[PDB]
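Same protein, same chain, two forms; see structure 1 and structure 2 below, as structure tokens.
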Structure 1
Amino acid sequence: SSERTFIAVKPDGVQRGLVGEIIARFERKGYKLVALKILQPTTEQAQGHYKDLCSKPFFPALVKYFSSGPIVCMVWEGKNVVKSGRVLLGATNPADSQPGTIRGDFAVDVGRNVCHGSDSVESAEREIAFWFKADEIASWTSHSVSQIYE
């Protein structure tokens, strides 16, 4: 329940006006917003974010797109956020995603797949650590914590 995950609205998501929608679905799922900001990534911020993918053929086109406009970074906290965050976002390739998920409802191409979520806790610690200073992460208690968790 101390578990955190990192979520990003990619440039296509911000451009397309989906930021509110993505945040509302995490809110209503019962997860806690703990960090939040908007920036345009430099390409080195890009390369470092996608380290897991540096060896892939699509890596430069991805780094090029990710660094091309403002993204919104966010940190979410809760029992199982990482796994659920990924469930909420739907398959990485939209073509595989079910209606009801972010990509399922909103995306068509894996190059414009709207949003990003850490694939594991560990990646999450890394991506949280990479984008936010520890001074940037608020610490609070949801008044509904006990309506949501046992």
Structure 2
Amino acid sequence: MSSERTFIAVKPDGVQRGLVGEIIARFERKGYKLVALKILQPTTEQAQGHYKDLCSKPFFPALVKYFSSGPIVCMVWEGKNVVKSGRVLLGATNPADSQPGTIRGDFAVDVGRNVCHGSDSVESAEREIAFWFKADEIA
């Protein structure tokens, strides 16, 4: 379906390093349609809710602290097969596994600093979109 949607975020390292435009540009070049957009610094509560499945893991406090350390950019992209293509564009979540040509492949080294997040599935996309955006924020 052409109306498939995904959630993409530029993380605080990606924003600090001036990678917002580059990421957005790669999605535009790919041919996908931006339908929602905002910049904000996550609260602790937001960072914890985002990483809620991993809340029992020992590296969780560092993830939450880092994620809430500065502004992120939230996006929603629309188009056919946009979820899978989004993940492919960002590259393997561990930059050590990422291919050049991808966002993480080109720009990231450390997994706790992997620049940007993309939904891993349609269910996850729906959850993340609903988490970060009210329905009325989506154009």
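Only the largest set of C-alpha atoms that superpose within 1.5 Å between the two forms is called the rigid core. All residue numbers here follow the sequence of structure 1, with the first residue given the number 1.
For the form solved in complex with adenosine monophosphate (AMP), the corresponding chain is the one labelled structure 1. In a rigid core superposition between structures 1 and 2, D52 is the single residue of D109, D52, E122, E44 whose Cα is displaced by 2 Å or more. Superposed on the rigid core, the forms differ at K64: its CA is offset by 1.0 Å between structures 1 and 2. Per-residue C-alpha deviation between structures 1 and 2, core superposed: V19, 0.3 Å.
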